[PDB]
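In: Just dropping in an experimental structure and the matching sequence.
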Amino acid sequence: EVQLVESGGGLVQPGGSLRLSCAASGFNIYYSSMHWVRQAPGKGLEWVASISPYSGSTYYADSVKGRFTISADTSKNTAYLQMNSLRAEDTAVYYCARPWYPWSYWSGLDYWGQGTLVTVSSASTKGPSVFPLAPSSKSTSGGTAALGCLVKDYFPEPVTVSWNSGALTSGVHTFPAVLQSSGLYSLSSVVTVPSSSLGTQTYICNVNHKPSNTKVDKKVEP
Amino acid sequence: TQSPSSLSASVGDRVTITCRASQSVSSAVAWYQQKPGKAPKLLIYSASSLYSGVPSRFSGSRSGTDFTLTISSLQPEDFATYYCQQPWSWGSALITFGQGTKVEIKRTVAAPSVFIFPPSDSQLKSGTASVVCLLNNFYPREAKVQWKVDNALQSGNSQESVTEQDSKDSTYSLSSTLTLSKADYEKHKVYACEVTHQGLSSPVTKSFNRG
Amino acid sequence: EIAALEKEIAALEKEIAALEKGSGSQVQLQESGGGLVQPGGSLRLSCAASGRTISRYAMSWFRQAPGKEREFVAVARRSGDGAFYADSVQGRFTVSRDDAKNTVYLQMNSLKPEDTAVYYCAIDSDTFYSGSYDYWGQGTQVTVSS
Amino acid sequence: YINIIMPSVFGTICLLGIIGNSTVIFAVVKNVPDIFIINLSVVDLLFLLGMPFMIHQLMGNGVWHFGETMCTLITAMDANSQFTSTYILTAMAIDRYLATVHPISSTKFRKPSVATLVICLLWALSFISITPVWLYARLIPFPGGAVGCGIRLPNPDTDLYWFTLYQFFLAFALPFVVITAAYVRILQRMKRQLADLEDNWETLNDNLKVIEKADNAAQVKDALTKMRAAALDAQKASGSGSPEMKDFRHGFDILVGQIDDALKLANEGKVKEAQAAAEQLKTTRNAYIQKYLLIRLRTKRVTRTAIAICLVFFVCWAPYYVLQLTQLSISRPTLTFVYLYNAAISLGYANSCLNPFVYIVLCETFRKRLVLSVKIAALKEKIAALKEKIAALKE
Ligand SMILES: Cc1ccc(NC(=O)C(C)C)cc1C1CCN(Cc2ccc(Oc3ccc(F)c(F)c3)cc2)CC1
């Protein structure tokens, strides 16, 4: 079975150097064609580079030509992608894929790796700023009311938002994080409960952020 | 450049995913299936040949300059984003992936429930104000949120975030956050969120007054 | 900026939907086939559109029961995008288009007395199915009663 | 009506020309390398500015009640237009000649700053080449209070020939020869280049069919090695034309790489793989011609547009110089001669209208903007009218 294990992804400031590694097992990398495909968060697949170790021919996409340098090490059976002059748009998930035959890359890349995440951002590790979205005082008396916690300006992802330590799961929506113009993510997490329970039940959001080791428990009240 | 298209279909339907090329395609397209959070998988190679582990439902056709992937019997595990490998053109990159076509579960149209949350007092101490407008449990995905402040349309200062289709009722959810500084927050009085959706005869507007 | 000025032209069409007066170069909407019918029968509606080409825009359907709002019924998007139906009308209704005739049809079956209303039609002005409805017909009295 | 018909003919030309030239003036600021047309547009602009003043003289039948300085300035400017336009057209022919015949040595020459420097010389050379016009631009002592505005040669009975011949020789004879010479070298160079790429391309197909029927490692390597040499030769041959270098050069990286992909497999003896690797080359060859045909169609559009602009000028003014040389032999004009003389000049001044109009017509990008611009401007006025119409309902 063909397996492609990858590593090297992580945080790197703009203009830095990051060498991505793609360990290959189950086949010899010499008679193959390793392709690097990146997928920007929320965008489609985009090709980056390819190399044929047997012939040495190396192709690059126009958008990354001259900045990246893909190479292979037949001794270690691994393929490298040396990235230089990284920009903000280079943040994506980089897969290393190879076709069934080394010359059949136009018929589809059959085998794909697990993928690694490369995050390029000049922002530093900052804890979240939890702000409660108080439920509307004048809501449907017999209907449903919405309340949530606005997690704002945290870095890096992710943050685990749970309500009442997991006791409340019904009606809970945790929106995907959004990259603000300042380079810091911010997400909301609204939960819908009957309006009759606003005055009795206590709702507390447990915003947990492992990278900054910050544990915030905010109480939301009208 | 272009967001992936949406193709709503129910289980058992016969779907047709079409990608359009700039020239006459000659057996140079491969179809990829990518579930959210997973590596893409190959479905059809050489535009007419089944792939290993792929049932007979998947089959690639060729209608002029447009190549179509047909699923005879849709399955619950066939709901993903499908990418098409464009036939190679001279001067382009070695491999080019076309825009995806998200296949999603079809259900009855439900009007979006609109909630708006005024910024809390705790956040106002930081000097930045964020206004949250919530759209809850609506279908289909396509919805538009326009921000009106003192009956003036905003632009370039709001970000939307749509959840994935829910696993229970197959409905969506949207939240539009309006980012304003403290100085700009106090200069206005009426904040409104105008919601227009295909299931709404007239746009639903929820608003609040500062104080 | 043609697309942006088309969006402006749409906003200009929204300034013509600030006019929003009749069907002069706005799609014609003349509901037909609506009348008395016993419960459990079958009835069809039609709204022939002229003045604009509806092959590029989505056409929807609405109904308004007496003492009720304008609840959604069905939408017929552009060819190949499928058609969606409301929960109450799911299974019984079926909406079909005719691009050459610029007319939409609402083939209704297994009618119930609760469906007695005036079935208003609309066309989505936006090309992205954002629900930007700007045109409506006079409607026809569709009474489902013996 | 007959007397007043001729001034109306020139007024129509001037009205269309000023409107037509201003269209290009607005559009280009908001085919030719975006430089010569700009200068050529000004020549029509400057000439047509003095056109109504010259029209009034024809209306007055020998009246120049505007000033002796105006007669010197305007007459020289009109006589400057023929020298300036042809030199600009000559430069455009020369500029396209260097970009296609000597691309390596003309890379530095074709620069935004350098091109503007040459234009200033062309204007200066135009003013230098019209020095005799300056010397004898004084008012003609017409009988009575009226004064004529023409060329007062010291010996008009004898100096008429050399003044007339000098304009034809330098403004219509010499530039036509240079422009025609430039545009026959280009067509031969383009034909030679286009017949070379297909000649190198045909080398691939003949070798490509060998590998399919090849049955040993020896034949495959030799067949592929011929392909690579042609591929490199075709890659270098791409750098010989203007609209064939920045677009037809990137693709050859794939073609050379794929040949090297098969070549390495051929050397190892894996013939079955080598044939399979070469089999994918038919998708490169099939995409080779389409980009070639697309580019070859575009390089004919550039050449035809460049020639059409030049060809219009030397065709409209051709009959006028026929009479101009004819009147040297036939000094006395007849009734038909005056009609022919007036008709010839009308065709010659029609160049003011075609040059901006034909350039916009022979390109789909300009008319797309014009259709866009006209509709949005009218619709913006219509909604502004609606902004009054809906106001009339509401306000
Ligand atoms: C041969 C040639 C080639 C090109 C241009 N340059 C252009 O074409 C522009 C670039 C568009 C000019 C000329 C000659 C310049 C000396 N010209 C003599 C002339 C003047 C005045 C007149 O009598 C009118 C007086 C007023 C008028 F409005 C009128 F049309 C005629 C008769 C004859 C004849 C043309």
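Out: The structure has been received and is ready for your questions. Residues are numbered from 1 along each chain as shown, chains lettered A, B, ... in the order given.

In: you'd agree residue B:205 is in a strand?
Out: Yes - applying DSSP: H, G, I helix; E, B strand; the rest coil, one finds residue B:205 inside a strand.

In: so who does it touch?
Out: The contact partners of residue B:205, by C-beta atoms under 8 Å, 6 or more residues apart in numbering or on different chains, come to B:114, B:148, B:192-195. C-beta: built from backbone N, CA, C; applies to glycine.

In: List just the nearest of the residues you listed to residue B:27.
Out: Using C-beta to C-beta, residue B:195 is the member of these that lies nearest residue B:27, at 47.0 Å.

In: Show me which of the contacts of residue B:205 are buried.
Out: With burial judged by 16 or more other C-beta atoms under 10 Å in any protein chain shown, the buried subset of those is B:114, B:192-195.

In: Can you name the residues in contact with stretch D:313-322?
Out: Contact with stretch D:313-322 is made by D:82, D:85-86, D:89, D:168, D:172, D:176, D:179, D:344-345, D:347-348, D:350-351, D:354-355, as judged by C-beta under 8 Å, 6+ apart.

In: ok so, going back, select from the contacts of residue B:205 every entry located in strands.
Out: Those of the contacts of residue B:205 mapping onto strands are B:114, B:148, B:192-195, per DSSP state E.

In: Run through the residues that contact the closest residue to residue A:78 other than its chain neighbours.
Out: Leaving aside its chain neighbours, residue A:78 sits nearest to residue A:23 (5.2 Å; criterion: C-beta to C-beta, 6 or more residues apart in numbering or on different chains). Counting by C-beta under 8 Å, 6+ apart, residue A:23 touches A:4-7, A:77-78.

In: Quick one: neighbours of residue B:63, just the number.
Out: Here the number of neighbours of residue B:63 (other C-beta atoms under 10 Å in any protein chain shown) works out to 10.

In: Start and end of stretch B:108-128, how far apart?
Out: End-to-end distance of stretch B:108-128: 40 Å, with C-alpha to C-alpha, to the nearest Å as the criterion.

In: related to what we said a few turns ago, in CSV, list the buried ones among the contacts of residue B:205 along with distance to residue D:379.
Out: Formatted as CSV, these follow (distance: C-beta to C-beta, whole Å):
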residue, distance to residue D:379
B:114, 33
B:192, 29
B:193, 30
B:194, 25
B:195, 29
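
In: Using JSON lines, lay out the residues you listed together with distance to the ligand.
Out: Conversion of the buried ones among the contacts of residue B:205 to JSON lines gives the following (distance: C-beta to the nearest ligand atom, whole Å):
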{"residue": "B:114", "distance to the ligand": "66"}
{"residue": "B:192", "distance to the ligand": "60"}
{"residue": "B:193", "distance to the ligand": "61"}
{"residue": "B:194", "distance to the ligand": "57"}
{"residue": "B:195", "distance to the ligand": "61"}
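
In: Going by distance to chain C, which of those wins?
Out: Ranked by distance to chain C (C-beta to the nearest C-beta), these are led by residue B:195 at 9.3 Å.

In: Turn the contacts of residue A:23 into TSV, including secondary structure.
Out: Putting the contacts of residue A:23 into TSV (three-state DSSP) gives the following:
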residue	secondary structure
A:4	strand
A:5	strand
A:6	strand
A:7	strand
A:77	coil
A:78	strand
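
In: Switch the ones in strands among the contacts of residue B:205 over to TSV; also include distance to chain A.
Out: TSV is the format used below for those (distance: C-beta to the nearest C-beta, whole Å):
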residue	distance to chain A
B:114	10
B:148	18
B:192	14
B:193	12
B:194	17
B:195	14
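
In: Greatest separation within the residues you listed: which pair is it?
Out: Greatest spatial distance among the ones in strands among the contacts of residue B:205 (C-beta to C-beta): B:114 and B:148, at 13.1 Å.

In: all strands of the stretch 51-200 of chain D, in order?
Out: Along the stretch 51-200 of chain D, the segments classed as strands by DSSP state E, counting those that start in this stretch run D:139-140, D:148-149.

In: Which among those is found nearest to chain C?
Out: Chain C sits nearest to strand D:148-149 of all the strands of the stretch 51-200 of chain D, at 49.2 Å, using C-beta to the nearest C-beta.

In: what's the neighbour count on residue B:37?
Out: When neighbours are counted by other C-beta under 10 Å, residue B:37 registers 8.

In: So in terms of bridging, what pairs with the most centrally placed residue in chain C?
Out: The centroid of chain C falls nearest to residue C:121 when counting by C-alpha atoms, centre = their mean (2.7 Å). On the basis of DSSP bridges, residue C:121 is bridged to residue C:61.

In: show me the contacts for it.
Out: By C-beta under 8 Å, 6+ apart, the neighbours of residue C:121 are C:29, C:31, C:45, C:47, C:59-62, C:104, C:136-137, C:139.

In: any idea how far whichever residue of chain C sits closest to the ligand is from chain B?
Out: Among the residues of chain C, residue C:2 lies closest to the ligand, at 33.7 Å counting by C-beta to the nearest ligand atom. According to C-beta to the nearest C-beta, to the nearest Å, residue C:2 and chain B sit 16 Å apart.

In: ok, how many other residues are close to the residue lying closest to that residue once chain neighbours are set aside?
Out: For residue C:2, ignoring the flanking residues on the chain, the nearest one in space by C-beta to C-beta, 6+ apart is residue D:372 at 4.9 Å. Around residue D:372 there are 14 other residues, counting by other C-beta under 10 Å.

In: Next: the one 3 residues further on.
Out: Here the count is done by other C-beta under 10 Å, and residue D:375 has 15 residues near it.

In: what about it, distance to residue C:71?
Out: From residue D:375 across to residue C:71, the span is 38 Å (C-beta to C-beta, to the nearest Å).

In: now residue A:148
Out: For residue A:148, the distance to residue C:71 equals 29 Å [C-beta to C-beta].

In: the more surrounded of these two?
Out: Using other C-beta under 10 Å, the more surrounded residue of residue A:148 and residue C:71 is residue A:148, with 30 against 18.

In: looking at it, the more buried one is touching residue A:191, isn't it?
Out: Yes - with contact defined as C-beta atoms under 8 Å, residue A:148 counts as touching residue A:191 (6.2 Å).

In: My guess is residue C:118 contacts residue C:136. True?
Out: No - look at residue C:118 against residue C:136 with C-beta under 8 Å: they stay out of range, at 10.9 Å.

In: Just want the phi and psi numbers for the residue in chain B that chain A sits nearest to.
Out: Per C-beta to the nearest C-beta, residue B:30 is where chain B lies closest to chain A, at 3.1 Å. Main-chain dihedrals, residue B:30, degrees, to the nearest 10: phi -130, psi 140.

In: got any residues that touch both of residue B:114 and residue B:148?
Out: Looking at what touches both residue B:114 and residue B:148 (by C-beta under 8 Å, 6+ apart), the common residues are B:193, B:205.

In: Ok, which of the strands of the stretch 51-200 of chain D comes nearest chain A?
Out: Across the strands of the stretch 51-200 of chain D, chain A has its closest neighbour in strand D:148-149 (62.0 Å, C-beta to the nearest C-beta).

In: which residues of the stretch 1-150 of chain D fall in helices?
Out: D:2-29, D:36-49, D:51-60, D:68-101, D:112-129, D:131-135 (DSSP state H, counting those that start in this stretch).

In: my bad, chain C
Out: C:2-19 (DSSP state H).

In: Excluding covalently adjacent residues, which one is nearest to residue D:298?
Out: residue D:243 (5.8 Å).
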